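Residue numbers (full-length UniProt numbering), protein chains in the order written: chain A, 2 to 161; chain B, 7 to 377; chain C, 7 to 377; chain D, 42 to 167; chain E, 212 to 285. Shown next, in structure tokens, is the structure this report addresses.
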Amino acid sequence: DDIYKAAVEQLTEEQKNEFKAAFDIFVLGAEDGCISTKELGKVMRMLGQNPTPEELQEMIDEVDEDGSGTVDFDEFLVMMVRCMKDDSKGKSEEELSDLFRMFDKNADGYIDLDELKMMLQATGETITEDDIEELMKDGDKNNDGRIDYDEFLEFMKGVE
Amino acid sequence: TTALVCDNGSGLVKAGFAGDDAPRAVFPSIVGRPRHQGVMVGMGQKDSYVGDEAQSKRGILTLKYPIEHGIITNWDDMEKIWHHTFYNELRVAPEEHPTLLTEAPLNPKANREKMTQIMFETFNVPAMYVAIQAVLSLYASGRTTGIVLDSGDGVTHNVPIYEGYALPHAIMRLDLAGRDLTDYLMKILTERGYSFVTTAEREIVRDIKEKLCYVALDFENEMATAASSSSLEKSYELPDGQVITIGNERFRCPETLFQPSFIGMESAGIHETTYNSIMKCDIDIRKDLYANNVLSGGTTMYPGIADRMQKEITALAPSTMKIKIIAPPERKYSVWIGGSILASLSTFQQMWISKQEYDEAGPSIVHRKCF
Amino acid sequence: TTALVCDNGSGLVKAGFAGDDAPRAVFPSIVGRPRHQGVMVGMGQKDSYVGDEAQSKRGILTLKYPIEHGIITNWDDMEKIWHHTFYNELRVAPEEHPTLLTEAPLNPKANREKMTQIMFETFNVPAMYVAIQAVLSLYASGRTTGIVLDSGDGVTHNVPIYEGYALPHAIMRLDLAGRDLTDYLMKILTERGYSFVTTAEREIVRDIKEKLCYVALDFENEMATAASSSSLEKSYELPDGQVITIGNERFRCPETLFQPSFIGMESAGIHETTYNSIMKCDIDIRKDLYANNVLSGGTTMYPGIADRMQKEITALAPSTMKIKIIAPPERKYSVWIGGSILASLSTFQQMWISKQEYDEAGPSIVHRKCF
Amino acid sequence: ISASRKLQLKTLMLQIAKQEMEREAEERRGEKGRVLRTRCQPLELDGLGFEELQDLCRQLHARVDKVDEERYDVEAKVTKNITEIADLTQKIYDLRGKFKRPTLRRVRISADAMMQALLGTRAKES
Amino acid sequence: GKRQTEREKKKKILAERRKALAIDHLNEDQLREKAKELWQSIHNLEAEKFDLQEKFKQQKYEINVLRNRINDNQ
Ligand SMILES: Nc1ncnc2c1ncn2[C@@H]1O[C@H](COP(=O)(O)OP(=O)(O)O)[C@@H](O)[C@H]1O
Ligand SMILES: Nc1ncnc2c1ncn2[C@@H]1O[C@H](COP(=O)(O)OP(=O)(O)O)[C@@H](O)[C@H]1O
Ligand SMILES: [Ca+2]
Ligand SMILES: [Ca+2]
Ligand SMILES: [Ca+2]
Ligand SMILES: [Mg+2]
Ligand SMILES: [Mg+2]
């Protein structure tokens with residue numbers, strides 16, 4: 002699902018129209034472009050299934066970042082692909098721990114913003130300082146300027 | 007591969023693959039042979055409808071549960087139920103999946119040994135493990151201490167656990183459960199004129215009990231109120247019309263839990279066997295058990311039981327201790343959720359009873375180190 | 007570098023770096039294996055909780071002290087206690103620190119030799135020295151004479167010292183101490199209905215003894231008063247509620263010190279073994295010993311003992327001599343404070359048993375000049 | 042914005058870290074091999090008298106015994122360190138276990154199967 | 212007998228890693244072969260010691276990490 006989402010991410014915008022057409026083929030009557038609890042429940046009941054609205058709202062909250070509680074077009078695509086689960090085992094804990102232990106050049110048991118900057122410069126991918134700030138926020142929950150082992154695991158949780 | 011977390015239970019078989027939130031298929035465990043003659047030819051009439059199919063044709067069947075009180079009394083029917091569960095409700099051949107059955111505490115050995123022998127010879131699973139139904143319910147709550155009262159439909163048992171060390175001398179197993187409450191409700195309904203006798207109508211009385219009955223906070227006040235006003239009389243429509251009105255039978259059926267003298271049982275209610283189970287524990291872990299009392303099992307879903315039980319225990323317990331009763335909304339499937347969590351653990355992956363081990367020591371392997 | 011002033015004791019291990027005022031880490035010396043079965047998997051359950059960790063999980067452990075009466079009866083457990091003390095309570099590897107153990111007078115040789123052999127082979131310290139527990143308590147008082155009664159928890163010993171010259175023929179070691187008082191209190195509590203049996207409940211009785219018991223100034227008058235009025239009955243709340251009321255058990259438990267016939271011991275009380283220890287000394291230093299009687303050790307912390315003992319000795323002693331009892335408020339850690347002072351001295355810096363010396367003469371070096 | 046780019050950046054960081062770890066490990070292996078080659082004295086198995094041969098062999102045997110003792114001591118020390126770090130890991134689990142058990146994600150029932158059953162082969166994702 | 216066991220194991224290692232070595236009855240080819248065996252044994256011991264050093268480094272690093280985690284948790 003997420004892998005399929007990434008694969009389709011290299012396609013045109015009309016695939017969203019195709020997915021809307023398929024959803025209409027299922028449960029025609031949708032007009033707003035947002036799949037709330039009622040629409041997903043109805044389509045699964047037609048299929049012979051019933052997703053829990055708690056899971057649906059959890060998906061809405063996880064996909065939301067600004068706190069809007071709604072879905073944009075790309076957010077609609079992410080919500081649609083969230084109906085299935087494919088990210089299994091989150092790669093491997095031991096390899097992630099080894100990479101984190103390699104990250105600590107000073108061997109202080111923590112990763113600061115400077116080490117993050119050095120690792121990003123080593124990567125060399127097209128990135129901006131805003132992405133660095135977002136990654137630091139997603140990693141440093143307590144905002145102590147360091148990364149704990151538990152906090153590093155949470156930042157790498159569900160990451161392949 | 008993935009493990010099959012089956013949970014035989016007594017009244018509802020709950021099964022599903024390890025690692026999910028809810029059991030995949032939940033269906034009553036009844037096997038009912040037809041009892042009339044049958045005149046249509048070629049209708050494709052089978053000789054035994056099991057599971058949820060026999061709750062729709064129950065008008066011409068004689069349903070009979072294969073599990074009486076935790077123990078299994080009819081092994082052929084139980085084998086049929088397991089075969090149905092594996093092949094039609096999950097559609098996964100057992101040759102490629104470990105299984106994790108569950109068993110009540112203090113059950114006869116022969117039951118457990120026969121269960122493992124069946125699972126290894128007939129269905130031919132790779133490896134199976136049997137776990138006590140209360141430790142799983144403690145897993146699901148995310149605790150590691152606490153005394154869990156797992157009032158199922160067959161048998162109510164009360165296993166105290168501290169810091170992961172179970173106390174085998176403090177398990178109080180009582181055989182009053184949902185089935186006896188159904189029979190008592192069916193027996194007190196006759197005081198208004200409604201007579202249910204057939205084994206099919208026991209299901210109707212069970213539905214009445216589930217939808218209408220509730221546990222009274224104070225019994226005498228409710229008995230006095232229901233005898234003067236009429237604000238309690240709730241009506242219910244039978245499967246054919248002729249609505250019935252339940253008066254003070256509403257809170258008298260589940261009151262049997264706290265006064266087992268109603269159905270002639272000698273023992274004390276579920277409010278006092280928990281306190282006795284606590285008092286058998288050591289003097290230094292009683293505060294933690296008081297604060298982490300856990301409820302589980304289906305029969306603990308009555309509206310208003312988590313308050314009556316707390317009031318009773320607070321009456322019994324010393325005034326200083328804090329009494330807290332954990333009643334998660336997912337009570338019914340708590341045991342199965344805990345089973346899924348336990349089967350999904352990496353540390354547990356080497357505790358299964360591998361088939362070669364069974365071949366070397368026979369069915370009596372279950373009582374050995376692989377518990 | 008700095009020296010480690012450890013003090014094994016019996017009941018509380020007190021340790022810390024030399025040159026401070028109070029021990030850094032003080033924790034009971036108990037090692038308790040779990041005794042129940044344990045059903046939670048992956049809970050991370052260890053095989054032995056030592057020190058202060060086993061005073062919190064004592065509900066499911068069987069605590070057992072590794073030091074009975076000064077002597078050490080279980081060497082593996084004592085090694086475990088030392089390892090914990092060095093690595094987790096102080097976090098200093100012993101490879102870089104001298105150690106100064108303490109030992110009761112008149113103890114078996116093999117105990118001391120095994121202690122030094124362990125410290126030199128297992129922990130591999132640079133140099134260790136063993137000192138008598140009473141000379142340190144005399145250091146801490148800042149005196150240089152005086153007869154010190156060090157009533158610990160294992161053994162009560164009474165070492166007289168004059169002008170720095172110890173009198174080896176006047177040491178009176180008596181094996182009544184805090185532990186026997188705990189057992190006697192636990193035995194007389196049964197006269198009201200409270201029964202404590204488990205080795206975990208001995209800790210509760212110890213807490214009762216510490217918080218409530220006191221030494222009566224005059225025994226018969228207190229026995230008469232407690233039998234008529236009710237102004238003495240002090241209540242105490244167990245770890246689970248059910249408060250208890252201690253009557254004349256309050257001053258009867260510590261009275262055993264002055265009348266060891268209560269627990270069946272023949273010898274005379276701590277009020278008369280001090281006078282006997284004085285009378286064995288020479289006729290010209292008895293006045294100084296009378297005037298500088300020192301109390302130490304934990305068990306001498308009972309409220310009202312420094313007056314009862316003075317009254318008793320004044321009754322025994324000649325009427326002209328002045329009897330003075332030094333009872334510093336820091337009684338419990340007096341031995342360790344004295345140990346710190348002794349380890350901080352420059353003159354003492356060449357008395358350590360250096361490792362090369364042990365390699366040349368074996369563990370029997372401790373009885374030699376390096377005492 | 043969307044977490045897809047953030048996920049790509051994180052995966053790039055992980056891949057770069059893995060490559061750097063591989064490079065560092067290979068360099069460490071090479072350095073270790075060179076140091077080990079330097080440590081051991083080269084053999085001189087030519088132009089030696091038979092009695093001199095036996096004397097040199099006995100000297101080598103004595104040095105072998107010395108290195109055996111040294112390596113046994115180092116092995117014991119490392120074993121003690123392993124035991125101590127295992128105890129530390131156990132304590133870490135005790136302080137970080139309890140309720141911190143990860144849970145799998147199976148609450149979603151099979152959706153692709155029903156989609157294909159009720160819509161033929163239109164569901165091209167699954 | 213734990214310390215006794217350690218001493219016994221060490222003494223065995225004195226005779227286990229190095230067996231009964233009698234060079235008197237060994238000819239020049241045999242002497243060269245045994246000397247090469249000794250040299251290779253010493254090299255292997257060096258390799259094991261180097262690996263032990265690396266493992267000890269890793270153990271110290273992970274111990275520091277665990278101490279940091281313990282401090283942070285409380
Ligand atoms: N919502 C409910 N309210 C009251 N009673 C219930 C409810 N749901 C189930 N029960 C009772 O609980 C029983 C099911 O218990 P269950 O936990 O399935 O037993 P088991 O432990 O064998 O699985 C039913 O027989 C029914 O009598
Ligand atoms: N405040 C107190 N009041 C009465 N008794 C005490 C008090 N504190 C400690 N004790 C008794 O003294 C014992 C501790 O003695 P301690 O001096 O630690 O022995 P050790 O010489 O082995 O260190 C305890 O077992 C307790 O019974
Ligand atoms: Ca949004
Ligand atoms: Ca760093
Ligand atoms: Ca942080
Ligand atoms: Mg159950
Ligand atoms: Mg002492």
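Even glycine gets a Cβ: it sits at the ideal position worked out from N, Cα and C.
- Item | Complete runs of the alpha helix (DSSP H) confined to the stretch 82-133 of chain B [at least 4 residues] | 115-127
- Query: What did DSSP end up calling C/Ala24 once you bin it into helix, strand or coil?
  - Reply: coil
- Query: If we ignore side chains and look at the alpha-carbon of each, how far apart do B/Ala140 and A/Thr38 end up?
  - Reply: 35 Å
- Query: C/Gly38 lies in the alpha helix (DSSP H); which residues open and close that run?
  - Reply: First-last for C/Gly38: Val37 to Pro40, but that is the beta strand (DSSP E), not the alpha helix (DSSP H).
- Message: Considering Cα atoms alone, identify which of C/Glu336, C/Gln123 and C/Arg64 is closest to B/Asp294.
- Response: Of the listed residues, the one whose Cα sits closest to B/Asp294 is C/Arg64.
- Task: Report the rounded CA-to-CA distance for C/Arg258 versus C/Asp159, giving the unit in angstroms.
- Result: 18 Å
- Since C/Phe33 sits in a beta bridge, which residues does DSSP pair it with? C/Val19
- Query: So which residues of chain D does C/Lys52 contact, with C-beta pairs closer than 7 Å?
  - Reply: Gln131
- Query: Which class does C/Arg314 belong to by DSSP, given the choice of helix, strand or coil?
  - Reply: helix
- Over what stretch of residues does the beta strand (DSSP E) that includes C/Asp365 continue unbroken? Where C/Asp365 is concerned, there is no enclosing beta strand (DSSP E), although the alpha helix (DSSP H) it sits in stretches over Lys361 to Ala367.
- Item | Cβ distance (whole Å) where C/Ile319 is taken to contact C/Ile329 below 8 Å | 5 Å
- For C/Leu67, the first and last residue of its enclosing beta strand (DSSP E): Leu67 to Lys70
- For the putative contact between A/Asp2 and A/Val72, defined by C-beta atoms under 8 Å, what is the C-beta separation to the nearest angstrom? Between A/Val72 and A/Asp2 the Cβ distance is about 16 Å, and since that is not below 8 Å, they are no contact.
- Compute the minimum distance between the beta carbon of C/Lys338 and the heavy atoms of ligand 2, and state whether it is under 7 Å. yes
- Outcome for D/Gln95 when other beta-carbon atoms lying within 10 angstroms are tallied against a minimum of 16: buried
- Message: Strictly under 8 Å for the Cβ-Cβ distance: is D/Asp135 near chain C by that measure?
- Response: At least one CB of chain C lies nearer than 8 Å to the CB of D/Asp135.
- Task: State the Cα-Cα distance for the pair A/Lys17 and A/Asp139, rounded to the nearest angstrom.
- Result: Distance between the alpha carbons of A/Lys17 and A/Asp139: 29 Å.
- Task: Could you have a look at B/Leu180 and say whether DSSP puts it in helix, strand or coil?
- Result: Correct three-state label for B/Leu180: strand.
- Item | Exercise answer, beta-carbon shell around ligand 4 heavy atoms below 6 Å | A/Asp105, A/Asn107, A/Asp109, A/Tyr111, A/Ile112, A/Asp113 and A/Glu116
- Message: Once DSSP output is grouped into helix, strand and coil, what is the label at A/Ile128?
- Response: coil
- Task: Tell me whether C/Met121 is buried or exposed, calling it buried when 16 or more other Cβ atoms sit within 10 Å of its Cβ.
- Result: buried
- Indicate, with yes or no, if ligand 1 has a heavy atom lying under 7 Å from the CB of B/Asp58. no
- Message: I need the residues with a C-beta less than 5 Å from some heavy atom of ligand 2; please give them in chain order.
- Response: Proximity annotation: ligand 2 has residues C/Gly15, C/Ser16, C/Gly17, C/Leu18, C/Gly158, C/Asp159, C/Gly184, C/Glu216, C/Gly303, C/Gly304, C/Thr305 and C/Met307 in chain order, each selected because its CB is closer than 5 Å to a heavy atom of the ligand.
- Message: Taking CB distances under 8 Å as the criterion, tell me whether D/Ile42 reaches chain E.
- Response: no
- Task: Alpha carbon to alpha carbon, how far is E/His254 from D/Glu65? Give it in angstroms, no decimals.
- Result: 23 Å
- Quick one: using the 10 Å Cβ neighbour count with 16 as the cut-off for buried, is D/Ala103 buried or exposed? exposed
- Message: Looking at C/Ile73: is its Cβ nearer than 8 Å to the Cβ of C/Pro111?
- Response: Contact: no.
- Item | Residues that D/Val105 contacts on chain E, provided the C-beta gap is smaller than 7 Å | The answer, in chain order, is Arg229, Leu249, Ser252 and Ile253.
- Could you run through the stretch 289-304 of chain B and flag, in chain order, every residue whose CB is less than 7 Å away from some CB of chain C? Under the 7 Å Cβ criterion, the stretch 289-304 of chain B contributes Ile289, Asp290, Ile291, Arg292 and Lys293.
- Item | Beta carbon of C/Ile66 nearer than 8 Å to that of C/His42 | For C/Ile66 and C/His42, yes; Cβs fall inside 8 Å.
- When the Cα of C/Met49 is compared with those of D/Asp114, D/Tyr134 and D/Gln49, which residue comes out closest? Looking at D/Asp114, D/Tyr134 and D/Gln49, the one whose alpha-carbon comes closest to that of C/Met49 is D/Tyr134.
- For the alpha helix (DSSP H) that E/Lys266 lies in, which residues bound it at each end? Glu239 to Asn284 is the span of the alpha helix (DSSP H), which, as asked, contains E/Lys266.
- Short-range partners of chain C found in the stretch 315-342 of chain B, where Cβ spacing is below 9 Å: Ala323, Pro324, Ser325, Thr326 and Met327
- Query: Is D/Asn122 near ligand 5, with its Cβ less than 7 Å from a heavy atom?
  - Reply: no
- Neighbour flag for A/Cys84 against chain D, beta carbons, 8 Å: Judged by the 8 Å Cβ criterion, A/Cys84 is in contact with chain D.
- Per-residue DSSP class, three states only, for B/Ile153: strand
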